[PDB]
Amino acid sequence: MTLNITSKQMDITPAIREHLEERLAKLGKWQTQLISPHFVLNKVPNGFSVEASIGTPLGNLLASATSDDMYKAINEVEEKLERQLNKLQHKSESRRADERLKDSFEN
């Protein structure tokens, strides 16, 4: 799984690329398997607007932030993505009748 980029304007470079990639590799340790990962990176006069979009067997990941701090914006996105990630693994703790932690045959 490789974190792909789109970047409507500012092209991708070692920094971003390595950053996003590093972030993905960092999110790899997380209870998830990035089902085709992307990163919609963007900039603007008032700062930098970033938006991430990854996939997970538990739920597609998405995020977006705007700030005058590139890596901080990314810093934020990763926070969202992570937050959602934790949300995925978290989810409802009472799905009607719960799922229980039993497994062996189911029959």
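Table for the structure above
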{"item": "Cross-chain or 6+ apart pairs with Cβ under 6 Å, segment 8-33 first and under 16 Å from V77 (Cα atoms), then in a loop (DSSP other than H, G, I, E, B)", "result": "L20/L3; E21/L3; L24/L3; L24/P37"}
{"item": "Of all residues making up segment 17-52, the number that are surrounded by fewer than 18 Cβ atoms within 10 Å (Cβ to Cβ), assigned to a loop (DSSP other than H, G, I, E, B) and not hydrophobic (A, V, I, L, M, F, W, C)", "result": "6"}
{"item": "Qualifying positions in segment 55-107 - β-branched (V, I, T) and either assigned to a helix (DSSP H, G or I) or within 15 Å of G28 (Cα to Cα) (or both)", "result": "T56, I74, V77"}
{"item": "Count - residues of segment 51-107 that are under 13 Å from the mean Cα position of the chain (by Cα) and hydroxyl-bearing (S, T, Y)", "result": "3"}
{"item": "Candidate set: segment 1-16, residues that are assigned to a helix (DSSP H, G or I) and out of contact with any strand residue (DSSP E or B) (no Cβ under 7 Å at 6 or more places or on another chain); chosen: the one farthest from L62 (Cα to Cα)", "result": "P14"}
{"item": "Hits in segment 1-53 (condition: among the polar types (S, T, N, Q) and under 19 Å from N86 (Cα atoms))", "result": "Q31, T32, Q33, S36, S53"}
{"item": "Evaluation of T32 against (1) under 24 Å from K8 (Cα atoms); (2) of a type outside the set (A, V, I, L, M); (3) in contact with a helix residue (DSSP H, G or I) (Cβ under 7 Å, 6 or more places away or on another chain) (one fails), failing number", "result": "(1)"}
{"item": "Residue pairs meeting the criteria (Cβ under 8 Å; at least 6 apart or on separate chains; first closer than 10 Å to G59 by Cα, in segment 83-94; second loosely packed, with under 13 Cβ neighbours inside 10 Å and not acidic (D, E))", "result": "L85/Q31; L88/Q31; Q89/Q31"}
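FYI, it's all coordinate maths here, none of it is from the lab. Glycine gets a Cβ as well: all are built from the backbone with ideal geometry, and neighbour counts include every protein chain shown.
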